[PDB]
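Let me begin by presenting the structure, written as structure tokens, before commenting on it.
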Amino acid sequence: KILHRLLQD
Amino acid sequence: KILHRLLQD
Amino acid sequence: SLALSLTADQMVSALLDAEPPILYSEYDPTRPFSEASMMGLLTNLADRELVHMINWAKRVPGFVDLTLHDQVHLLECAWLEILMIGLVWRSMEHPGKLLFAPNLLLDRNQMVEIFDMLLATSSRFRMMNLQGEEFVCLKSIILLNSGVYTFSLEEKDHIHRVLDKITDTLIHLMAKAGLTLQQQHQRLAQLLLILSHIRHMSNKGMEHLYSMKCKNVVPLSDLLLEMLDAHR
Amino acid sequence: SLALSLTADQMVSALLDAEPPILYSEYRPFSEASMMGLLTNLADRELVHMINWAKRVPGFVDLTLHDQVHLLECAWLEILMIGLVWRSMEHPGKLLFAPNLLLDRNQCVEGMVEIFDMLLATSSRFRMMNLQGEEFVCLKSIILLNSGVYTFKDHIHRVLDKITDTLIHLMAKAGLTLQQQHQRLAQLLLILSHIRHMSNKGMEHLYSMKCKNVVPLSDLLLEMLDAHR
Ligand SMILES: Oc1ccc(C(=Cc2cccc(Nc3ccc(F)cc3)c2)c2ccc(O)cc2)cc1
Ligand SMILES: Oc1ccc(C(=Cc2cccc(Nc3ccc(F)cc3)c2)c2ccc(O)cc2)cc1
């Protein structure tokens, strides 16, 4: 899901 | 309103 | 006003003496039943509790100083919150279970989200070692705070003054328990933050109750229906 | 575990520094769909900044990735809303979604009046309490850490205790008495219950707007919304 990526970037 | 009734004894 | 001139101990004494009783359900273990039956039982119970809640609310310091319409509003907004905090309070020493009634004790394995949130709250209360004196303060805070932003003519100013008084009482209790000033403020914040979860649970529970109504299988009483229309 | 070592002042400045910027809406006299369209677009862009703000909330980093996702998923609308009411203080009777998006009660679609009125009432509450920016960033972070903490953890409660200390440390130094300190603390935290309520009400309508399929939701908003069901 998107949220994960934003919390890693 | 039932609630109103009960609030006045 | 009388409430504005109560000492902390007098405040506690009044709230404690005003506590409603713990009502029983019907249950009947021989009855094997269902999701419909259980919700039917809880509906019956809640309906009888509401009559005591109304007469209890009258004994909460400051409540009768409000207009009749303001009393109606505060109860319409907070009734399920109040029922639920009563539930989790009496469920404290029953880990992993909810004591809806002394003869109605439910565990998880039989709405699971609401169940789990009620469990989490009761467990939270147990770790904190919540005291009866602190409980009755919180419950009164719910009655006065939940509908104060949803109501010239005129006050609410008065409501805030009584709320502040209950805050004073809470801190007084923590002082007598041997807590430091830092501990007192921290405990106070912890207690009030839980009121946010209780609002959340009430909201989610209200949604299901509204589903239940429209799918006319579990019948609501006339009073519970009127309380349900309030959260339109 | 660095958040616990911070002083009170160190806590304040760290939160002030993490503050997300204020975004703008697009540069017509508004209809049901187009208004929710603008807010939706606005909210989607704000979420990206909220996440980077979340990372900079002392203690939020120490959590696992999954626990970060949970807290944000539970609290995102609350955080937006308390943001909305904060910048609406100097505009009594109105809501400042953006510096070019100022709204009043006059129409909202339907049932929006109640959420509008609830938001407006919160803003007025902040106004009469004279809420300071230092206090505000504390409240917002508290919302971030608390709203999902009841599984819907000991570290979080320790950090929550820390933010409490900061608030009291702010009211002291503001000249408030000991009695005024815990009284103001209570007042501030009780408003958080109302903010939770507004979120819940607002959430159900976004779920409704979705089923109407007139105002298109972004894939990110869809995920944030889905997590509440
Ligand atoms: O003292 C009470 C506390 C709560 C409740 C209720 C709690 C409640 C409300 C809505 C949903 C759920 N879900 C649920 C059911 C069983 C569980 F074990 C857990 C959650 C509960 C309630 C149930 C039915 C009703 O008509 C009114 C109030 C009743 C009495
Ligand atoms: O900074 C923001 C604060 C709140 C919001 C929202 C506030 C919101 C949410 C649901 C319902 C309402 N009702 C409403 C509508 C118009 C008004 F003028 C007032 C309230 C608002 C929101 C709107 C759409 C969306 O997809 C996500 C968030 C957006 C940005």
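Convention: chains lettered A, B, ... in structure tokens order; per-chain residue numbering from 1; ligands numbered from 1 as shown.
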Residues within 9 Å of residue 121 in chain D, only C-alpha atoms, excluding chain neighbours under 5 positions, as a PDB file with C-alpha atoms, in the first residue's frame:
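Result written to result.pdb:
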ATOM      1  CA  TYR C 149     -19.973  21.816  21.937  1.00  0.00           C
ATOM      2  CA  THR C 150     -23.193  20.810  20.199  1.00  0.00           C
TER       3      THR C 150
ATOM      4  CA  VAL D  85      -9.583  24.852  13.409  1.00  0.00           C
ATOM      5  CA  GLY D  93     -17.483  32.450  11.972  1.00  0.00           C
ATOM      6  CA  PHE D 116     -19.240  22.903   9.886  1.00  0.00           C
ATOM      7  CA  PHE D 126      -9.484  27.752  21.040  1.00  0.00           C
TER       8      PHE D 126
END
May I have the residues of chain D within 7 Å of chain C, counting only C-alpha atoms, written as a ChimeraX atom specification?
/D:118,121,150,152,161,164,182-183,186,189-190,192-193,196-197
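Atom pair atom 27 (C, counted along the ligand's line) of ligand 1 / CA of residue 213 in chain C has a distance of 11.0 Å (rounded to one decimal).
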Output the contact residues of chain A with respect to chain D at a cut-off of 7 Å, based on only C-alpha atoms, as a VMD selection string.
chain A and resid 2 to 3 7
Counting only C-alpha atoms, what is within 9 Å of range 53-59 of chain C, bar same-chain residues fewer than 3 positions away, as a PyMOL selection string?
(chain B and resi 3+6-7) or (chain C and resi 14-15+17-20+49-50+62-64+71+75+79+82-83+140+143)
How would you report the residues lying within 8 Å of ligand 1, as number ranges by chain, if you count only C-alpha atoms and all ligand atoms?
C: 38-47, 49, 80, 83-87, 98, 100-101, 106-108, 111-116, 118, 202, 204-209, 220, 224
How would the residues just chosen look if you wrote them out with N, CA and C atoms as an mmCIF file, in the first residue's frame?
data_model
loop_
_atom_site.group_PDB
_atom_site.id
_atom_site.type_symbol
_atom_site.label_atom_id
_atom_site.label_comp_id
_atom_site.auth_asym_id
_atom_site.auth_seq_id
_atom_site.Cartn_x
_atom_site.Cartn_y
_atom_site.Cartn_z
ATOM 1 N N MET C 38 -28.387 -12.288 22.108
ATOM 2 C CA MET C 38 -27.443 -11.516 22.907
ATOM 3 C C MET C 38 -27.709 -10.025 22.796
ATOM 4 N N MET C 39 -27.831 -9.537 21.563
ATOM 5 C CA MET C 39 -28.086 -8.118 21.340
ATOM 6 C C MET C 39 -29.447 -7.740 21.907
ATOM 7 N N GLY C 40 -30.382 -8.682 21.856
ATOM 8 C CA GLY C 40 -31.686 -8.487 22.462
ATOM 9 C C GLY C 40 -31.568 -8.306 23.966
ATOM 10 N N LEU C 41 -30.693 -9.098 24.583
ATOM 11 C CA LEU C 41 -30.467 -9.027 26.022
ATOM 12 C C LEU C 41 -29.834 -7.700 26.414
ATOM 13 N N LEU C 42 -28.826 -7.281 25.653
ATOM 14 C CA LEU C 42 -28.117 -6.042 25.939
ATOM 15 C C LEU C 42 -29.029 -4.841 25.745
ATOM 16 N N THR C 43 -29.974 -4.970 24.824
ATOM 17 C CA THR C 43 -30.931 -3.912 24.545
ATOM 18 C C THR C 43 -31.887 -3.741 25.724
ATOM 19 N N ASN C 44 -32.390 -4.859 26.246
ATOM 20 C CA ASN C 44 -33.232 -4.857 27.443
ATOM 21 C C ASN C 44 -32.529 -4.189 28.625
ATOM 22 N N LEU C 45 -31.310 -4.646 28.895
ATOM 23 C CA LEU C 45 -30.495 -4.138 29.990
ATOM 24 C C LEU C 45 -30.271 -2.624 29.891
ATOM 25 N N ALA C 46 -29.737 -2.185 28.753
ATOM 26 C CA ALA C 46 -29.470 -0.770 28.509
ATOM 27 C C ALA C 46 -30.712 0.079 28.774
ATOM 28 N N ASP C 47 -31.857 -0.409 28.309
ATOM 29 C CA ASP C 47 -33.129 0.284 28.479
ATOM 30 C C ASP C 47 -33.528 0.472 29.951
ATOM 31 N N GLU C 49 -31.239 0.395 32.428
ATOM 32 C CA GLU C 49 -30.167 1.234 32.968
ATOM 33 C C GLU C 49 -30.418 2.722 32.731
ATOM 34 N N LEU C 80 -24.525 6.491 25.771
ATOM 35 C CA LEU C 80 -23.826 5.257 25.442
ATOM 36 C C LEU C 80 -22.388 5.292 25.958
ATOM 37 N N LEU C 83 -22.851 4.451 29.611
ATOM 38 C CA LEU C 83 -23.118 3.016 29.755
ATOM 39 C C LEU C 83 -21.829 2.222 29.586
ATOM 40 N N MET C 84 -21.042 2.589 28.578
ATOM 41 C CA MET C 84 -19.829 1.851 28.233
ATOM 42 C C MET C 84 -18.726 1.987 29.283
ATOM 43 N N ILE C 85 -18.575 3.172 29.875
ATOM 44 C CA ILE C 85 -17.540 3.348 30.891
ATOM 45 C C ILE C 85 -17.939 2.622 32.173
ATOM 46 N N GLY C 86 -19.243 2.462 32.389
ATOM 47 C CA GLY C 86 -19.727 1.678 33.508
ATOM 48 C C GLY C 86 -19.369 0.222 33.287
ATOM 49 N N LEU C 87 -19.550 -0.218 32.046
ATOM 50 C CA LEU C 87 -19.261 -1.589 31.654
ATOM 51 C C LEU C 87 -17.800 -1.956 31.864
ATOM 52 N N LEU C 98 -16.085 -9.321 29.415
ATOM 53 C CA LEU C 98 -16.897 -8.136 29.672
ATOM 54 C C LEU C 98 -18.083 -8.493 30.556
ATOM 55 N N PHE C 100 -21.312 -7.478 31.384
ATOM 56 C CA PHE C 100 -22.468 -6.648 31.080
ATOM 57 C C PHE C 100 -23.421 -6.666 32.265
ATOM 58 N N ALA C 101 -23.504 -7.820 32.910
ATOM 59 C CA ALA C 101 -24.316 -7.994 34.101
ATOM 60 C C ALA C 101 -23.669 -9.083 34.946
ATOM 61 N N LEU C 106 -19.334 -12.100 29.106
ATOM 62 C CA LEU C 106 -18.979 -12.575 27.770
ATOM 63 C C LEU C 106 -17.475 -12.532 27.509
ATOM 64 N N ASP C 107 -16.960 -13.571 26.858
ATOM 65 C CA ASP C 107 -15.585 -13.552 26.374
ATOM 66 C C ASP C 107 -15.570 -13.309 24.866
ATOM 67 N N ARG C 108 -14.374 -13.184 24.307
ATOM 68 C CA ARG C 108 -14.210 -12.829 22.903
ATOM 69 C C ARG C 108 -14.849 -13.824 21.937
ATOM 70 N N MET C 111 -18.660 -7.298 15.275
ATOM 71 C CA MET C 111 -18.669 -6.565 16.536
ATOM 72 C C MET C 111 -17.447 -6.879 17.393
ATOM 73 N N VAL C 112 -16.588 -7.764 16.895
ATOM 74 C CA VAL C 112 -15.352 -8.113 17.588
ATOM 75 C C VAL C 112 -14.477 -6.886 17.832
ATOM 76 N N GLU C 113 -14.511 -5.944 16.892
ATOM 77 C CA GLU C 113 -13.750 -4.706 17.010
ATOM 78 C C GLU C 113 -14.211 -3.879 18.205
ATOM 79 N N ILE C 114 -15.518 -3.850 18.437
ATOM 80 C CA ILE C 114 -16.051 -3.108 19.573
ATOM 81 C C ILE C 114 -15.707 -3.840 20.857
ATOM 82 N N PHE C 115 -15.812 -5.163 20.805
ATOM 83 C CA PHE C 115 -15.449 -6.016 21.926
ATOM 84 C C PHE C 115 -13.997 -5.788 22.342
ATOM 85 N N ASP C 116 -13.098 -5.833 21.360
ATOM 86 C CA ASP C 116 -11.667 -5.673 21.603
ATOM 87 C C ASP C 116 -11.318 -4.285 22.148
ATOM 88 N N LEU C 118 -13.418 -2.413 23.932
ATOM 89 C CA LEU C 118 -13.923 -2.397 25.297
ATOM 90 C C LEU C 118 -12.966 -3.148 26.224
ATOM 91 N N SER C 202 -18.202 4.741 21.512
ATOM 92 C CA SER C 202 -19.603 5.143 21.482
ATOM 93 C C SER C 202 -20.055 5.405 20.044
ATOM 94 N N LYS C 204 -18.739 4.256 17.179
ATOM 95 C CA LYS C 204 -18.788 3.014 16.406
ATOM 96 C C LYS C 204 -19.986 2.160 16.820
ATOM 97 N N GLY C 205 -20.263 2.130 18.122
ATOM 98 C CA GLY C 205 -21.389 1.380 18.645
ATOM 99 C C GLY C 205 -22.721 1.941 18.191
ATOM 100 N N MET C 206 -22.771 3.254 18.005
ATOM 101 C CA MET C 206 -23.992 3.914 17.570
ATOM 102 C C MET C 206 -24.318 3.527 16.133
ATOM 103 N N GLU C 207 -23.275 3.352 15.324
ATOM 104 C CA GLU C 207 -23.430 2.935 13.936
ATOM 105 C C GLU C 207 -24.095 1.567 13.831
ATOM 106 N N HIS C 208 -23.603 0.608 14.606
ATOM 107 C CA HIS C 208 -24.176 -0.732 14.608
ATOM 108 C C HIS C 208 -25.632 -0.684 15.059
ATOM 109 N N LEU C 209 -25.902 0.067 16.125
ATOM 110 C CA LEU C 209 -27.263 0.214 16.637
ATOM 111 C C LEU C 209 -28.221 0.781 15.588
ATOM 112 N N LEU C 220 -35.729 -2.217 19.290
ATOM 113 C CA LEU C 220 -35.317 -1.261 20.304
ATOM 114 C C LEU C 220 -36.530 -0.730 21.070
ATOM 115 N N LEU C 224 -34.853 4.025 23.787
ATOM 116 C CA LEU C 224 -33.602 3.806 23.072
ATOM 117 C C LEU C 224 -33.684 4.308 21.632
#
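Here the question is which of D:87, D:169, D:56, D:228 gets nearest to ligand 2 using only C-alpha atoms and all ligand atoms, and that residue is D:87.
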CA of residue 98 in chain D to CA of residue 23 in chain D, straight-line distance in Å
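Interatomic distance, CA of residue 23 in chain D to CA of residue 98 in chain D: 6.3 Å.
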Would you kindly return, as a PyMOL selection string, each protein, DNA or RNA residue with an atom no farther than 10 Å from any atom of residue 5 in chain B, considering only C-alpha atoms and excluding same-chain residues fewer than 3 positions away?
(chain B and resi 1-2+8-9) or (chain C and resi 68+72)
Could the residues in this selection be written to a file with C-alpha atoms, as a PDB file, in the first residue's frame?
ATOM      1  CA  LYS B   1     -39.780  13.243  24.189  1.00  0.00           C
ATOM      2  CA  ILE B   2     -39.641  10.412  26.734  1.00  0.00           C
ATOM      3  CA  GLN B   8     -39.099  16.308  35.243  1.00  0.00           C
ATOM      4  CA  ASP B   9     -40.223  13.991  37.911  1.00  0.00           C
TER       5      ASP B   9
ATOM      6  CA  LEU C  68     -34.412  21.234  30.787  1.00  0.00           C
ATOM      7  CA  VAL C  72     -31.860  16.513  27.350  1.00  0.00           C
TER       8      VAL C  72
END
Which residue gives the smallest distance to residue 77 in chain C among D:36, D:194, D:13, D:71, with only C-alpha atoms counted?
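For residue 77 in chain C, the nearest of the given residues is D:194.
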Just checking: using only C-alpha atoms, which residue out of D:2, D:74, D:89, D:211 ends up closest to residue 146 in chain D?
D:74
